[PDB]
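# Remarks on the overall topology
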Amino acid sequence: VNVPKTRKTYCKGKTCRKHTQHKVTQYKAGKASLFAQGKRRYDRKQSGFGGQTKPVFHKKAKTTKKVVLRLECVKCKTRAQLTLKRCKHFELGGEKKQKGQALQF
Amino acid sequence: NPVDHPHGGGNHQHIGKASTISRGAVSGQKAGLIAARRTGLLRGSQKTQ
Amino acid sequence: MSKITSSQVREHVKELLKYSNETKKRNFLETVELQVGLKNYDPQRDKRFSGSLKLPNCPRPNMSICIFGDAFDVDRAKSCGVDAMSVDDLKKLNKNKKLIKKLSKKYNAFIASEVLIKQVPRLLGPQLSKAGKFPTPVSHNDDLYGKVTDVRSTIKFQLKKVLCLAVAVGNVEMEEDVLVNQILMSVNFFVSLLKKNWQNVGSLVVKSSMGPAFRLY
Amino acid sequence: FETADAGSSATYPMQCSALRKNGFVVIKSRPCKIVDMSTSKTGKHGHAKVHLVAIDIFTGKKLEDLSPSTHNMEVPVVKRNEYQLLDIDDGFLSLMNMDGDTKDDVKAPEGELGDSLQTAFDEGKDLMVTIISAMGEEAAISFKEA
Amino acid sequence: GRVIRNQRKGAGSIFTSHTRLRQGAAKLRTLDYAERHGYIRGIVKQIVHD
Amino acid sequence: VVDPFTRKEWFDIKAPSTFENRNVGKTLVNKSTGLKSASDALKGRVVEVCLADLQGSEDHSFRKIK
RNA sequence: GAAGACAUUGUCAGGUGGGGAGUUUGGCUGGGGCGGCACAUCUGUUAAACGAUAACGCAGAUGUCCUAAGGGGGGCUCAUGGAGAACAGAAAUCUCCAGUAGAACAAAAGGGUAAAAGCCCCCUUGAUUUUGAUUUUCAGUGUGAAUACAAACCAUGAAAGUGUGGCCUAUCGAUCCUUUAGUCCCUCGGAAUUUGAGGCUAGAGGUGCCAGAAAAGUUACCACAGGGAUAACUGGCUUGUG
RNA sequence: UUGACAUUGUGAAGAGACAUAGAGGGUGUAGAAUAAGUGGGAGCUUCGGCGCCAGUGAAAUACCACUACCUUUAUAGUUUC
RNA sequence: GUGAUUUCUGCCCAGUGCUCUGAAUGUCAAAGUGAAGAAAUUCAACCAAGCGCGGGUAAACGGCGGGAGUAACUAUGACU
Ligand SMILES: C[NH+](C)c1cc(NC(=O)CNC(C)(C)C)c(O)c2c1C[C@H]1C[C@H]3[C@H]([NH+](C)C)C(O)=C(C(N)=O)C(=O)[C@@]3(O)C(O)=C1C2=O
Ligand SMILES: C[NH+](C)c1cc(NC(=O)CNC(C)(C)C)c(O)c2c1C[C@H]1C[C@H]3[C@H]([NH+](C)C)C(O)=C(C(N)=O)C(=O)[C@@]3(O)C(O)=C1C2=O
Ligand SMILES: C[NH+](C)c1cc(NC(=O)CNC(C)(C)C)c(O)c2c1C[C@H]1C[C@H]3[C@H]([NH+](C)C)C(O)=C(C(N)=O)C(=O)[C@@]3(O)C(O)=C1C2=O
Ligand SMILES: [Zn+2]
């Protein structure tokens, strides 16, 4: 699906509680740091003898992921997240479609 | 029988898997040709000549 | 982490416009050049990076553009004022090699038409693409003057065989802040097109037309 | 500056029985084309299991697989695209979309099909080539005279 | 499975060698001064079957 | 660059006193470096020469001495 | 006599390792198996004119697509047929007349819609924020979907109004773990400052066996607890077939 | 099985890599051209001329940088075989 | 592994094994090295065997299909 690079939407910041301009990006997940408490617990639990201790997911059924947009306001630099539905293809700011242009096979 | 040997089981007498065992195998697996670089009838005939 | 920030680029672009704007004021409009260079990218092995970016202002403002158009594109070119190159002299030109060489070397950017773009390989030869100049399509709805400015602004980072790339950023008399913003945007576009990003950028030079090659990184 | 890409694994999981002849299947992280299939009953109150023989298309390598017929299998979402060849450069063929002209990354196919393609382009006779795209890799598979 | 025949063979008991009718071990004369410097003369007296 | 012809040096082959030409000729061997004695590389050598060249006269042209 | 700071040996790390060890090897089902999904959903019918309602009943469909195919406003009327106009004919384009919808509304079916909900044009981002209430499945729990408001800020339009995604009915996901956004917030418990870590509020990464185990077989060498809830004889009801 | 550390002391010889600054270089056609390539570039300067235009060729000559590759020079040393 | 003697043991090294003085690190742990930081740490190169790429081996496990046209009866097809 096509979504524009810019969007006027509500800003939660205390200096601007009105509709302000936001740039639209995609949320890419973080680095999954090693010192998180669950990771340290997993390392201690996997250490030793006994093999794998927590389940590992195998039965993947869904192909798509919900896209979530990171909106950064251009004035207060505050960020927000907006969820858009399961789409296989995604283009930030692609070319706009044409109503009645000559088809080209 | 399959309990007594790697080659073992039946309904037909056959090896089942490749009879060329590794050199780096373990005990109980080395029933066959141990580190066979070549197999079959040889002709011929030099090794170091 | 962006290895290259504004502040050092502010200082280096101050000294760049210093050397251009009083020291060796010349008789023609010079252009700012970003020359970049890669380290671990092996051209024969990796996936080739390719991408064009429309600049927020203008580089070289006197590029020489040629319009392969038919009737509406040709008439729009006559209105605006760009050399329009119709199917007439194209099929009057077909029977040669030197003349297509002359056309390709004479006009630097080529602009096309949607209904011409498929038989450009046929009517012309592979020479344009081999040089690195394929005509960019222009629709009938698209305003030709606006797309001419578009093509005189677009910067192309594209690997061909080698590891040094060079792109014109802008002119030497435009204002300091837009030059800083443009060179930062072009650097970030290159880094975004890469695989390992700042890890695999290795060379970052800015220049205008002459000896002093003002390094950024 | 980033690159937008919705999370779309290039595999729909389908079924061992729903894979058919001339198929597409993922055997050990490689695309491959199902060229042979056989169902087989195991026991006496047993179920059927599927033996799959397929050819990896990007290398042309035979890969085999064995699974219970009720289990799910990854099926690559292959995309075949019909492009126009401008000129065969230094091993990396230049290719054209319907209007766009990026596609300059596909290695000129090293087989006899690509050698005959080179002979064709050398005596001109301009062609449209067919390119397959699947799980990050793309390859020219078949030339066709326009 | 089960411990197979070659493993049992290496584990001793039944698969030892029968040394009842064997003579002494067939070994050369040990190194000494006589063999290291000059020569020594022995007489082969009975050739037998091991 | 390896430049073996300046790495090497020339030596003079001389004949037993039964003959009349004392000078037989010249050879070349690598420099006497550590762990490799050029002198042992010289003792490992057999050389061929004409008896006409050894005795001066042409009556011994067919004969060859090693 | 031979080897020599190599090797052996000690400890970690990678590989290999059915030789060995544990464990698993879904459900429904006119017996079980193969097949299928009737396992999470949607439309018409069965369904017996409130609601509810079964079968491996029938006919089908879903795991998508769309920055417009969302929102507002304006102009027009759509299939089809007839009569005509160079090339031009059955059919290319243009008119006129008739035209209650016989078209279209992304997709399956049903419903709805004519100065529109259809087709073109203009502007936009209500596909936004804060939590509550209600309906459907329902235990009146969750998930999903939807309804009507409130406090804001907006869009559109002259305005009334409309708009909290798709004209309506489907298009989807808990704990634990990871990651991101918010205030400039809380804690690191002897006292402070920075990184780090843990919290609170809202999302995403996914469990399709869809209220959500991490999981291959064989056994005629078999074993146990059971079952006529369940098959292979006979009997019984029925007689398509004979 | 492979690697590291320890047992484990005492010495050589030869190679390779890294380490920063220079210098120099890259001749099949054709082009008068000694064309490693990419990019800007119609001006350039030493005031002679060069460059564009022309021609030529797979690509062009001024002004220019950058890129790798190769060769050595300075090269405290570190490190591996 | 096959199973006296006689006779013979055809073709296939794609798969799975097995093997190598084949080739370059493509991937590659711990320890060691360098950069940043106030450090915890993070990121780099270098990176053993192995895996991957290449070759050999079937008295290793094993495998050994189709479809057309084609000869004075027709029919089959030595042949293509
Ligand atoms: C001189 N070369 C041929 C050699 C010879 C021997 N052994 C002998 O002298 C005896 N072998 C003969 C008699 C010549 C057949 C050698 O024993 C060796 C080597 C070479 C080195 C190479 C080392 C190198 N490392 C430093 C990166 C390398 O390229 C590898 C590698 N990954 O292939 C090595 O393994 C290496 O470390 C190495 O082990 C070598 C030798 O041991
Ligand atoms: C497995 N190692 C111990 C080994 C052994 C032998 N030869 C033997 O069998 C040893 N037998 C002897 C000791 C000579 C009697 C070997 O002969 C080799 C090698 C190593 C390979 C490694 C190759 C390698 N890549 C391509 C996998 C590599 O990167 C290099 C390199 N450029 O450093 C190589 O040296 C390699 O290509 C290579 O040549 C090897 C051997 O020759
Ligand atoms: C055939 N031999 C001469 C050899 C040559 C090379 N070098 C090459 O092949 C280089 N040639 C190229 C250009 C890379 C293709 C080699 O690289 C090698 C080897 C063999 C082994 C030697 C091994 C030896 N081990 C068995 C005791 C050894 O001394 C060591 C060691 N302690 O360093 C090894 O690790 C060794 O296994 C080894 O690495 C070898 C090679 O890789
Ligand atoms: Zn704001």
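Residues numbered from 1 in each chain as written, not as in the entry; some residues may be left out. Chains lettered and ligands numbered in written order. Part of a larger assembly, values for the part shown. Heavy atoms only, no water. Residues with missing side-chain atoms left out of burial classes, pairs and counts.

This entry, as listed in the PDB, derives from cryo-EM and reports a resolution of 3.2 Å.

## Re the protein's contact with RNA strand H
All names here are of chain C. The environment of RNA strand H is formed by 22 residues, the closest being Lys24, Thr31, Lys98, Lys105 and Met210. Among the atoms of RNA strand H close to the protein, meaning within 4 Å, 77% are from sugar or phosphate groups. Within the side chain of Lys24, a nitrogen or oxygen atom sits 2.5 Å from a phosphate oxygen of RNA strand H. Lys207 has a polar side-chain atom sitting 3.0 Å from a base nitrogen of RNA strand H. Contributions of two or more residues to the surface near RNA strand H are made by β1 (31–38), α4 (98–106), β7 (164–171) and β8 (201–207). Here the surface near RNA strand H is composed, by residue class, of 6 nonpolar, 7 polar and 9 charged. (Near = heavy atom within 4 Å. Polar contact = N/O pair within 3.5 Å; in protein donor to acceptor, adjacent residues only side chain to side chain. Helix = DSSP H or I, 4+ residues; strand = E, 2+ residues; numbered from the N terminus. Nonpolar A, V, L, I, M, F, W, Y, C, P; charged D, E, K, R; others polar.)

## Focus: the protein's contact with RNA strand G
Around RNA strand G sit 67 residues in total, of which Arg7, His19, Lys62 and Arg70 of chain A together with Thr42 of chain D are the nearest. Counting only the atoms of RNA strand G within 4 Å of the protein, the fraction contributed by sugar and phosphate is 76%. In this structure, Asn2 of chain A approaches RNA strand G through a main-chain N or O atom, which is 2.9 Å from a phosphate oxygen. Between a phosphate oxygen of RNA strand G and a main-chain N or O atom of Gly1 of chain E, the distance comes to 3.2 Å. If one sorts the elements of the surface near RNA strand G by residue count, strand β5 (residues 79–86) of chain A sits on top with 7 residues.

## Considerations on the sheet that holds strand β8 (residues 93–96) of chain D
Residue and element names in this part refer to chain D. One open sheet holds the 4 strands; their spatial order is β8-β7-β9-β10, and the pairing between them is antiparallel. Here the strands that pair on one side only, and so sit at the sheet edges, are β8 and β10 (137–145). Geometrically, the sheet is characterised by an average inter-axis angle of 45 degrees between neighbouring strands, direction not taken into account. Together, β7 (79–88), β9 (127–134) and β10 form the strand contacts of helix α1 (residues 112–122), whose direction differs from that of β7 by roughly 45 degrees. (Pairing = 2+ DSSP bridges. Axes fitted to C-alpha atoms, helices over the stretch in contact; angles between N-to-C directions. Contact = heavy atoms within 4.5 Å.)

## Quick look at the coordination of the zinc ion (ligand 4)
All names here are of chain A. At this site the zinc ion (ligand 4) is bound by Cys11 (SG), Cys73 (SG) and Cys76 (SG), with donor distances of 2.3 Å. Going along the chain, you hit the donors of the zinc ion (ligand 4) in the pattern C-x61-C-x2-C. Summarising the burial analysis for this pair, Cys73 and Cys76 share the class buried. (Donors = N, O, S within 2.8 Å, 3.2 Å for Na, K, Ca; no water. Buried < 20%, exposed > 50% of the residue type's maximum accessible area, 1.4 Å probe, protein only.)

## Remarks on unusual backbone geometry
Where the residue is not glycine, phi is negative for most of them; where a peptide bond is considered, it is trans in most cases. Residue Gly44 of chain B is bonded to the preceding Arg43 of chain B through a cis peptide linkage, with omega at -10 degrees. Cis peptide bonds are those with omega within 30 degrees of zero, and the linkage from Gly44 of chain B to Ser45 of chain B qualifies with -10 degrees. You will see that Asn22 of chain D, though not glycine, has its phi angle at about 55 degrees, which is positive. Counting through the fold element by element, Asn22 of chain D comes out in the loop between β1 (11–13) and β2 (23–26). Take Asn22 of chain D: its relative accessible area is 55%, and that puts it in the exposed class. One non-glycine residue, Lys103 of chain D, lies in positive phi territory at about 25 degrees.

## Describing the nonpolar core
A general feature of soluble globular proteins is that nonpolar side chains tend to end up buried together. All names here are of chain C. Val9, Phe49, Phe157 and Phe190 are the most contacted members of the largest nonpolar core, which totals 34 residues. Looking at this core, the elements with two or more residues in it are α1 (6–23), β1, β6 (155–158), β7, α8 (176–193) and β8. Ignoring sequence-local partners within four residues, the contact set of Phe157 consists of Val36, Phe49, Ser50, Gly51, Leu165, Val167, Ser186, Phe189, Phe190 and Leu193. Core analysis: the next-biggest nonpolar cluster, separate from the first, contains 19 residues, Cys66, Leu93, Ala112 and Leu123 among them. (Core = buried A, V, L, I, M, F, W, Y, C linked by side-chain atoms within 4.5 Å.)

## Some thoughts on the sheet that holds β1 of chain C
Residue and element names in this part refer to chain C. Taken together, the 4 strands give an open sheet; going across it, the order is β7-β1-β8-β9, and neighbouring strands pair in antiparallel fashion. Each of the sheet's edge strands pairs with one partner strand only, and the pair in question is β7 and β9 (214–215). The pairing of β8 with β9 spans 2 bridges and is antiparallel. The residue of β9 that forms the bridge with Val206 is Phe214.

## Brief notes about the pairing of strand β4 (residues 48–56) of chain D
All names here are of chain D. Relative to β4, strand β3 (residues 31–41) is paired through 8 bridges, and the arrangement is antiparallel. Within the sheet, the bridge partner assigned to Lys33 lies in β4 and is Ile55. Where β3 folds back onto β4 in an antiparallel hairpin, the turn is made up of 6 residues. Where β4 lies against strand β5 (residues 61–68), 8 bridges are found, and the strand directions are antiparallel.

## Brief notes about the pairing of β7 of chain D
Residue and element names in this part refer to chain D. Here β7 runs beside β9; their pairing, made up of 6 bridges, is antiparallel. Note on β9: the bridge partner recorded for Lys79 is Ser133. When β7 meets β8, the two strands line up antiparallel, connected through 3 bridges. Across the sheet, the residue bridging to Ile88 is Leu93, located in β8. The turn linking β7 back onto β8 is made up of 4 residues, and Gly91 within it adopts a positive phi angle of 85 degrees.

## Digging into the environment of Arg38 of chain B
Accessibility expressed as a relative area gives 46% for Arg38 of chain B, which makes it partly exposed. Within the structure, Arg38 of chain B has its side chain in polar contact with the backbone oxygen of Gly40 of chain B (distance 3.1 Å).

## Concerning α8 of chain C
All names here are of chain C. With 18 residues, α8 should cover 26 Å at 1.5 Å per step; its first-to-last C-alpha distance of 26 Å lies within 8% of that length. Of the residues making up α8, those classed as buried are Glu176, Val178, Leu179, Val180, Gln182, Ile183, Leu184, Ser186, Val187, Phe189, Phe190 and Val191. Structurally, α8 contributes buried residues whose contacts are with α1, β1, β2 (50–53), β6, β7 and β8. The N-cap of α8, judged by a side-chain oxygen 2.6 Å from the amide nitrogen of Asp177 a few residues on, is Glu175. (Expected span 1.5 Å × (residues − 1).)

## Topic: the arrangement of the chains
Comparison of the 4 pairs of chains in contact shows the highest number of contacts for chains C and D. With no contact formed, the shortest span from any C-alpha in chain A to any C-alpha in chain F equals 51 Å. Here chain B and chain F are not in contact; the least distance found between their C-alpha atoms is 28 Å.

## A look at the pattern of salt bridges
Counted according to the given criterion, the structure contains 14 salt bridges over all chains. When the shortest N-O distance is used, the salt bridge between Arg76 of chain C and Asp73 of chain C registers 2.4 Å. Here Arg76 of chain C and its partner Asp73 of chain C are both found in helix α2 (residues 72–80), 3 residues apart, which amounts to about one turn of the helix. Of the two residues, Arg76 of chain C and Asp73 of chain C, both sit in the buried class. The partner of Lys92 of chain C in a salt bridge is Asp89 of chain C, with the nearest N and O atoms 3.7 Å apart. Several salt bridges share partner residues, and in doing so they unite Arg30, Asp56 and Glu137 of chain D into one network. (Salt bridge = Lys/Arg side-chain N within 4 Å of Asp/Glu carboxyl O.)

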